[PDB]
Amino acid sequence: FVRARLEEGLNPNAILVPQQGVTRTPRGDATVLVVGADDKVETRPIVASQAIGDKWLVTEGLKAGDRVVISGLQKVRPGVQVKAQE
Amino acid sequence: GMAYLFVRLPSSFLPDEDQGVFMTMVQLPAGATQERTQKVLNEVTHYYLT
């Protein structure tokens, strides 16, 4: 029985966070490190949606234009100032 | 004053020697794959090589 990829809902708007930048907290809770204009890292809890590609679709908690703080998990403890790179 | 310097004197284990080599350790964040780490190395390497 051949592999059948069957097209589906084709989500109109998907929050796709590189599964790099996706760090759950608390237990099983996606914590995105996206740093706002203050450039003081603030990890904003969310729930990554089903895993896809290398990234997480996340149904909630994040918005468009959010700069994901993805790497730098050492130089960034929460609240610290940060200079973005994308 | 003999007793004066004996105490002011910071003590060590042993003199460290430059041995012709050393090591640099690489740890990434959690859940991170080797490719991530790997890129770090050529960065590491490229520092050394260059």
# chains A, B, ... in the order shown; residues from 1 in each chain; ligands from 1
>>> residues_around(residues="residue 34 in chain A", least_positions_apart="2", cutoff="8 Å", atoms="only C-alpha atoms", output="PyMOL selection string")
chain A and resi 32+36+41-44+66-70
>>> write_last_selection(atoms="N, CA and C atoms", output="compact mmCIF listing (two decimals), in the first residue's frame")
# COMPACT_ATOMS: atom_id res chain seq x y z
N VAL A 32 9.04 30.75 24.69
CA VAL A 32 9.78 31.50 23.70
C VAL A 32 10.48 32.67 24.36
N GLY A 36 11.37 41.77 23.49
CA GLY A 36 10.67 42.93 22.98
C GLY A 36 11.62 44.08 22.74
N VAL A 41 15.53 40.30 27.57
CA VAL A 41 14.93 39.03 27.22
C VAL A 41 13.82 38.70 28.20
N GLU A 42 12.66 38.36 27.66
CA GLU A 42 11.56 37.89 28.47
C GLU A 42 10.96 36.67 27.80
N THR A 43 11.09 35.52 28.44
CA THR A 43 10.58 34.27 27.89
C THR A 43 9.09 34.19 28.16
N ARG A 44 8.35 34.10 27.08
CA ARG A 44 6.91 34.18 27.20
C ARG A 44 6.30 32.80 26.99
N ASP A 66 7.05 38.97 16.31
CA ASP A 66 7.83 38.62 17.48
C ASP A 66 9.20 38.11 17.06
N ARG A 67 10.24 38.78 17.55
CA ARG A 67 11.61 38.36 17.27
C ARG A 67 11.88 37.22 18.23
N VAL A 68 12.09 36.02 17.69
CA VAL A 68 12.27 34.85 18.54
C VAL A 68 13.67 34.91 19.12
N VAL A 69 13.79 34.86 20.44
CA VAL A 69 15.15 34.71 20.93
C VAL A 69 15.44 33.23 20.99
N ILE A 70 16.26 32.79 20.07
CA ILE A 70 16.32 31.39 19.71
C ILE A 70 17.53 30.74 20.34
>>> interface_residues(of="chain A", to="chain B", cutoff="9 Å", atoms="only C-alpha atoms", output="list in words")
residues 20, 23, 71, 72, 73 and 74 of chain A
>>> write_last_selection(atoms="N, CA, C and O atoms", output="mmCIF file, in the first residue's frame")
data_model
loop_
_atom_site.group_PDB
_atom_site.id
_atom_site.type_symbol
_atom_site.label_atom_id
_atom_site.label_comp_id
_atom_site.auth_asym_id
_atom_site.auth_seq_id
_atom_site.Cartn_x
_atom_site.Cartn_y
_atom_site.Cartn_z
ATOM 1 N N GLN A 20 14.821 24.948 17.663
ATOM 2 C CA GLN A 20 15.902 25.526 18.434
ATOM 3 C C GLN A 20 15.400 26.438 19.533
ATOM 4 O O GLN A 20 15.630 26.164 20.716
ATOM 5 N N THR A 23 11.854 26.214 23.840
ATOM 6 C CA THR A 23 12.255 25.576 25.079
ATOM 7 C C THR A 23 11.067 25.562 26.015
ATOM 8 O O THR A 23 10.573 26.605 26.445
ATOM 9 N N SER A 71 18.706 31.199 19.964
ATOM 10 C CA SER A 71 19.982 30.774 20.494
ATOM 11 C C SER A 71 20.374 31.711 21.625
ATOM 12 O O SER A 71 19.538 32.469 22.131
ATOM 13 N N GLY A 72 21.652 31.664 21.992
ATOM 14 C CA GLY A 72 22.244 32.525 22.998
ATOM 15 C C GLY A 72 21.767 32.147 24.380
ATOM 16 O O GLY A 72 21.778 32.958 25.306
ATOM 17 N N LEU A 73 21.383 30.891 24.539
ATOM 18 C CA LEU A 73 20.746 30.455 25.761
ATOM 19 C C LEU A 73 21.639 30.578 26.984
ATOM 20 O O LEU A 73 21.166 30.322 28.099
ATOM 21 N N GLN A 74 22.885 31.011 26.799
ATOM 22 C CA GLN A 74 23.814 31.249 27.898
ATOM 23 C C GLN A 74 23.855 32.720 28.284
ATOM 24 O O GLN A 74 23.614 33.081 29.441
#
>>> atom_distance(atom1="CA of residue 55 in chain A", atom2="CA of residue 37 in chain B")
18.1 Å
>>> select_by_dssp(residues="chain B", states="alpha helix (DSSP H)", output="list in words")
residues 2, 3, 4, 5, 6, 7, 8, 34, 35, 36, 37, 38, 39, 40, 41, 42, 43, 44, 45, 46, 47, 48 and 49 of chain B
>>> write_last_selection(atoms="C-alpha atoms", output="PDB file, in the first residue's frame")
ATOM      1  CA  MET B   2      59.267  37.101  59.040  1.00  0.00           C
ATOM      2  CA  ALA B   3      55.989  35.863  60.477  1.00  0.00           C
ATOM      3  CA  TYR B   4      54.402  38.830  58.717  1.00  0.00           C
ATOM      4  CA  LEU B   5      55.161  37.752  55.151  1.00  0.00           C
ATOM      5  CA  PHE B   6      54.658  34.033  55.741  1.00  0.00           C
ATOM      6  CA  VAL B   7      50.978  34.762  56.386  1.00  0.00           C
ATOM      7  CA  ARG B   8      50.446  37.444  53.735  1.00  0.00           C
ATOM      8  CA  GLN B  34      25.398  18.195  16.748  1.00  0.00           C
ATOM      9  CA  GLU B  35      25.080  20.406  13.721  1.00  0.00           C
ATOM     10  CA  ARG B  36      24.604  23.267  16.115  1.00  0.00           C
ATOM     11  CA  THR B  37      27.614  22.095  18.119  1.00  0.00           C
ATOM     12  CA  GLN B  38      29.382  21.296  14.901  1.00  0.00           C
ATOM     13  CA  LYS B  39      29.148  24.818  13.577  1.00  0.00           C
ATOM     14  CA  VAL B  40      30.501  25.981  16.901  1.00  0.00           C
ATOM     15  CA  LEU B  41      33.626  24.016  16.241  1.00  0.00           C
ATOM     16  CA  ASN B  42      34.606  25.395  12.886  1.00  0.00           C
ATOM     17  CA  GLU B  43      34.030  28.663  14.673  1.00  0.00           C
ATOM     18  CA  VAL B  44      36.282  27.299  17.374  1.00  0.00           C
ATOM     19  CA  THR B  45      38.604  25.824  14.822  1.00  0.00           C
ATOM     20  CA  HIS B  46      38.570  28.880  12.619  1.00  0.00           C
ATOM     21  CA  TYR B  47      39.663  30.872  15.627  1.00  0.00           C
ATOM     22  CA  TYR B  48      42.575  28.523  16.150  1.00  0.00           C
ATOM     23  CA  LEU B  49      43.396  27.809  12.520  1.00  0.00           C
TER      24      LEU B  49
END
>>> residues_around(residues="residue 14 in chain A", least_positions_apart="2", cutoff="8 Å", atoms="only C-alpha atoms", output="count of residues only")
6
>>> atom_distance(atom1="CA of residue 18 in chain A", atom2="CA of residue 52 in chain A")
9.4 Å
>>> atom_distance(atom1="CA of residue 2 in chain A", atom2="CA of residue 56 in chain A")
28.2 Å
>>> closest_residue(among="A:15, A:62, A:51, A:6", to="residue 35 in chain A", atoms="only C-alpha atoms")
A:62
>>> select_by_dssp(residues="chain A", states="strand (DSSP E or B)", output="MDAnalysis selection string")
chainID A and resid 16:18 23:24 30:32 40 44:45 48:52 55:58 81
>>> write_last_selection(atoms="C-alpha atoms", output="mmCIF file, in the first residue's frame")
data_model
loop_
_atom_site.group_PDB
_atom_site.id
_atom_site.type_symbol
_atom_site.label_atom_id
_atom_site.label_comp_id
_atom_site.auth_asym_id
_atom_site.auth_seq_id
_atom_site.Cartn_x
_atom_site.Cartn_y
_atom_site.Cartn_z
ATOM 1 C CA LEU A 16 6.403 28.464 13.337
ATOM 2 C CA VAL A 17 9.204 28.773 15.836
ATOM 3 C CA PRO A 18 12.513 27.062 15.084
ATOM 4 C CA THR A 23 12.255 25.576 25.079
ATOM 5 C CA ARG A 24 9.403 24.172 27.099
ATOM 6 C CA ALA A 30 6.809 26.103 25.151
ATOM 7 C CA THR A 31 8.780 29.095 26.423
ATOM 8 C CA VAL A 32 9.780 31.501 23.697
ATOM 9 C CA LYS A 40 15.537 42.672 27.917
ATOM 10 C CA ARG A 44 6.907 34.175 27.202
ATOM 11 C CA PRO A 45 5.319 30.784 27.894
ATOM 12 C CA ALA A 48 4.173 24.598 20.729
ATOM 13 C CA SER A 49 1.605 23.083 18.401
ATOM 14 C CA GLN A 50 2.383 19.783 16.710
ATOM 15 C CA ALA A 51 6.049 19.552 15.695
ATOM 16 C CA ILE A 52 6.661 20.346 12.022
ATOM 17 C CA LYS A 55 10.171 24.485 13.763
ATOM 18 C CA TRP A 56 7.231 24.530 16.100
ATOM 19 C CA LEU A 57 3.864 25.635 14.976
ATOM 20 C CA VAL A 58 2.445 27.127 18.164
ATOM 21 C CA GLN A 81 19.366 43.121 27.888
#
